Every structure is written in structure tokens, then in C-alpha cells.
Amino acid sequence: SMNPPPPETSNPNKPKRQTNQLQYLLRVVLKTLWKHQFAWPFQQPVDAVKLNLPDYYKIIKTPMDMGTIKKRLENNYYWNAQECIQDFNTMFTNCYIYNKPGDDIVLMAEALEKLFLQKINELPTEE
Ligand SMILES: CCN(CC)S(=O)(=O)c1ccc(OC)c(NC(=O)c2[nH]c(C)c3c2CCCCC3=O)c1
Ligand SMILES: [Ca+2]
């Protein structure tokens with residue numbers, strides 16, 4: 001089976017804005033996780049074809065990854081910070097749905113999620 005198309009990262013019909021919270025999410029939150037030693041399984045959509053995981057997209061119907069989130073921020077796809085935070089949470093939830101305690105990928109996701117929650121707990125004041 002094929003991979004699904006990756007999540008949209010631009011929508012020509014959606015209004016666009018820059019905010020301090022969106023700057024923080026891209027330049028502080030995403031950057032911190034992107035550079036982390038455990039970022040690499042989360043920097044792009046799960047390629048279930050190259051990895052031969054034909055049940056991945058039978059189980060995961062809302063895929064999300066930091067490469068998509070990065071592009072969404074870079075393309076001003078998000079209007080509200082909460083849209084972006086939701087995507088990070090979907091990414092982690094998917095990992096815990098598909099995988100089991102003790103899996104390496106779960107240890108990696110838990111570490112990244114701890115760092116994510118630390119950085120979003122310092123999200124700047126809304127305008
Ligand atoms: C395709 C080649 N590369 C990718 C550019 S790769 O970086 O060489 C590479 C190599 C092996 C790999 O896994 C064994 C992964 N896997 C992953 O990225 C990955 N990410 C997640 C979130 C998951 C997985 C698969 C394990 C369980 C399902 C899951 O939850 C990558
Ligand atoms: Ca699980």
C-alpha cells in the first residue's frame with residue numbers, strides 16, 4: 001500500500017498573520033526539538049512504504065510530524081498557536097497509539113514531549 005499524501009502545508013484561502021506566539025513556536029519550540037538527538041524519527045512523515053509498515057496508516061488516520069509542522073509555520077499556515085500545539089500533540093499521540101512501552105521510539109517520543117511541554121509552558125503573552 002501507498003503512503004497517503006502528506007498533510008497540507010499551505011492553503012491559499014486561509015488568512016495569514018505573524019504573532020509573537022507563532023514566532024516562539026517556530027524559533028524556540030520547534031527549533032529546540034528539531035535539533036534534539038531524538039528528533040530524526042519525527043522530522044518527516046512516516047514512510048510506510050520504505051519502512052514496510054503497511055499497518056501504520058490503517059491505525060494512524062491523523063498523521064503528523066515536525067517536518068509538516070515546520071513547513072506549516074514557515075508558510076504561515078497557522079493563525080492560532082493552539083493549531084500548532086494541537087499538531088505537536090497529534091504527533092506524540094500517534095507514536096503512543098502505534099507503539100508499545102519499552103519501544104525505543106516511545107522513549108524518544110517521551111523525551112521530546114517532556115521538552116515540548118517545558119518549552120510551551122513558557123509560551124509568550126497573547127496580543
Ligand atoms: C525512511 C528512511 N528514513 C526516514 C527519513 S530513516 O531516518 O533512515 C529511518 C530508518 C528507520 C526507521 O525506523 C526503523 C525510521 N523510522 C521512523 O522515522 C519512524 N518514525 C515514527 C514516528 C515511527 C517510525 C517507524 C517505527 C515505528 C512507527 C513510528 O511511530 C526512519
Ligand atoms: Ca501504545
# chains A, B, ... in the order shown; residues from 1 in each chain; ligands from 1
$ residues_near_ligand --ligand "ligand 2" --cutoff "8 Å" --atoms "only C-alpha atoms and all ligand atoms" --output "PDB file with N, CA and C atoms, in the first residue's frame"
ATOM      1  N   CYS A  95       2.392   8.302  18.032  1.00  0.00           N
ATOM      2  CA  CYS A  95       3.500   7.437  18.437  1.00  0.00           C
ATOM      3  C   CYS A  95       3.059   6.495  19.546  1.00  0.00           C
ATOM      4  N   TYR A  96       2.332   7.016  20.526  1.00  0.00           N
ATOM      5  CA  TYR A  96       1.886   6.168  21.634  1.00  0.00           C
ATOM      6  C   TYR A  96       0.754   5.226  21.244  1.00  0.00           C
ATOM      7  N   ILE A  97      -0.044   5.581  20.237  1.00  0.00           N
ATOM      8  CA  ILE A  97      -1.045   4.657  19.726  1.00  0.00           C
ATOM      9  C   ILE A  97      -0.383   3.481  19.034  1.00  0.00           C
ATOM     10  N   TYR A  98       0.578   3.763  18.153  1.00  0.00           N
ATOM     11  CA  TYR A  98       1.109   2.703  17.300  1.00  0.00           C
ATOM     12  C   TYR A  98       2.113   1.811  18.024  1.00  0.00           C
ATOM     13  N   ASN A  99       2.839   2.357  18.989  1.00  0.00           N
ATOM     14  CA  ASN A  99       3.972   1.698  19.599  1.00  0.00           C
ATOM     15  C   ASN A  99       3.637   1.318  21.037  1.00  0.00           C
ATOM     16  N   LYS A 100       4.567   0.629  21.677  1.00  0.00           N
ATOM     17  CA  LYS A 100       4.357  -0.003  22.969  1.00  0.00           C
ATOM     18  C   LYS A 100       5.352   0.527  23.989  1.00  0.00           C
ATOM     19  N   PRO A 101       5.025   0.452  25.281  1.00  0.00           N
ATOM     20  CA  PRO A 101       6.023   0.766  26.310  1.00  0.00           C
ATOM     21  C   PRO A 101       7.287  -0.038  26.083  1.00  0.00           C
TER      22      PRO A 101
END
$ residues_near_ligand --ligand "ligand 1" --cutoff "8 Å" --atoms "only C-alpha atoms and all ligand atoms" --output "MDAnalysis selection string"
chainID A and resid 40:48 50:51 53 56 65 91 94:96 98:99 105
$ residues_around --residues "residue 77 of chain A" --least-positions-apart "3" --cutoff "12 Å" --atoms "only C-alpha atoms" --output "PyMOL selection string"
chain A and resi 7-18+22+26+68-74+80-81+83-84+87
$ select_by_dssp --residues "segment 30-121 of chain A" --states "helix (DSSP H, G or I)" --output "ChimeraX atom specification"
/A:30-34,40-42,56-59,66-74,81-98,104-120
$ write_last_selection --atoms "C-alpha atoms" --output "mmCIF file, in the first residue's frame"
data_model
loop_
_atom_site.group_PDB
_atom_site.id
_atom_site.type_symbol
_atom_site.label_atom_id
_atom_site.label_comp_id
_atom_site.auth_asym_id
_atom_site.auth_seq_id
_atom_site.Cartn_x
_atom_site.Cartn_y
_atom_site.Cartn_z
ATOM 1 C CA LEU A 30 10.219 23.622 17.014
ATOM 2 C CA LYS A 31 13.886 24.599 16.767
ATOM 3 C CA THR A 32 14.671 23.077 20.174
ATOM 4 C CA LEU A 33 13.011 19.787 19.302
ATOM 5 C CA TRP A 34 14.342 19.755 15.734
ATOM 6 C CA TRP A 40 15.129 12.264 13.466
ATOM 7 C CA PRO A 41 12.159 9.796 13.513
ATOM 8 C CA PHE A 42 9.865 12.830 13.761
ATOM 9 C CA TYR A 56 0.779 2.266 10.004
ATOM 10 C CA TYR A 57 -1.837 4.214 8.055
ATOM 11 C CA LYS A 58 -4.521 1.658 8.868
ATOM 12 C CA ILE A 59 -4.008 2.578 12.527
ATOM 13 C CA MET A 66 7.684 18.000 12.781
ATOM 14 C CA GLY A 67 8.623 18.488 9.139
ATOM 15 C CA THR A 68 4.980 19.247 8.364
ATOM 16 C CA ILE A 69 4.728 21.480 11.430
ATOM 17 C CA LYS A 70 7.916 23.313 10.418
ATOM 18 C CA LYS A 71 6.594 23.920 6.910
ATOM 19 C CA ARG A 72 3.209 24.981 8.290
ATOM 20 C CA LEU A 73 4.877 27.585 10.478
ATOM 21 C CA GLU A 74 7.231 28.722 7.708
ATOM 22 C CA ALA A 81 -0.863 28.988 18.404
ATOM 23 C CA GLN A 82 -3.304 26.306 19.514
ATOM 24 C CA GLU A 83 -3.469 24.919 15.957
ATOM 25 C CA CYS A 84 0.251 24.299 16.072
ATOM 26 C CA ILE A 85 0.260 22.901 19.626
ATOM 27 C CA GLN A 86 -2.513 20.552 18.519
ATOM 28 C CA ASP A 87 -0.327 19.237 15.707
ATOM 29 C CA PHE A 88 2.576 18.506 18.070
ATOM 30 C CA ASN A 89 0.169 16.688 20.385
ATOM 31 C CA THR A 90 -1.219 14.636 17.470
ATOM 32 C CA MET A 91 2.338 13.641 16.522
ATOM 33 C CA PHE A 92 3.081 12.360 20.025
ATOM 34 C CA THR A 93 -0.311 10.682 20.443
ATOM 35 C CA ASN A 94 0.186 8.805 17.169
ATOM 36 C CA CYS A 95 3.500 7.437 18.437
ATOM 37 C CA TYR A 96 1.886 6.168 21.634
ATOM 38 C CA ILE A 97 -1.045 4.657 19.726
ATOM 39 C CA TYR A 98 1.109 2.703 17.300
ATOM 40 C CA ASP A 104 12.919 2.834 21.530
ATOM 41 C CA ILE A 105 10.637 5.182 19.576
ATOM 42 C CA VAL A 106 8.436 5.633 22.650
ATOM 43 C CA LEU A 107 11.418 6.504 24.873
ATOM 44 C CA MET A 108 12.403 9.045 22.204
ATOM 45 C CA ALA A 109 8.904 10.494 21.976
ATOM 46 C CA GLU A 110 8.570 10.772 25.766
ATOM 47 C CA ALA A 111 11.856 12.686 25.899
ATOM 48 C CA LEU A 112 10.819 15.062 23.144
ATOM 49 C CA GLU A 113 7.343 15.551 24.629
ATOM 50 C CA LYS A 114 8.855 16.429 28.030
ATOM 51 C CA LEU A 115 10.987 19.073 26.320
ATOM 52 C CA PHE A 116 7.988 20.233 24.269
ATOM 53 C CA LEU A 117 5.861 20.725 27.391
ATOM 54 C CA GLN A 118 8.707 22.585 29.098
ATOM 55 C CA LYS A 119 9.001 24.985 26.159
ATOM 56 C CA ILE A 120 5.282 25.519 25.652
#
$ atom_distance --atom1 "atom CA of residue 25 of chain A" --atom2 "atom CA of residue 124 of chain A"
9.6 Å
$ closest_residue --among "A:37, A:122, A:127, A:49" --to "residue 2 of chain A" --atoms "only C-alpha atoms"
A:49
$ atom_distance --atom1 "atom CA of residue 76 of chain A" --atom2 "atom CA of residue 121 of chain A"
22.1 Å
$ closest_residue --among "A:103, A:5, A:123, A:20" --to "residue 64 of chain A" --atoms "only C-alpha atoms"
A:5
$ atom_distance --atom1 "atom CA of residue 63 of chain A" --atom2 "atom CA of residue 75 of chain A"
19.0 Å
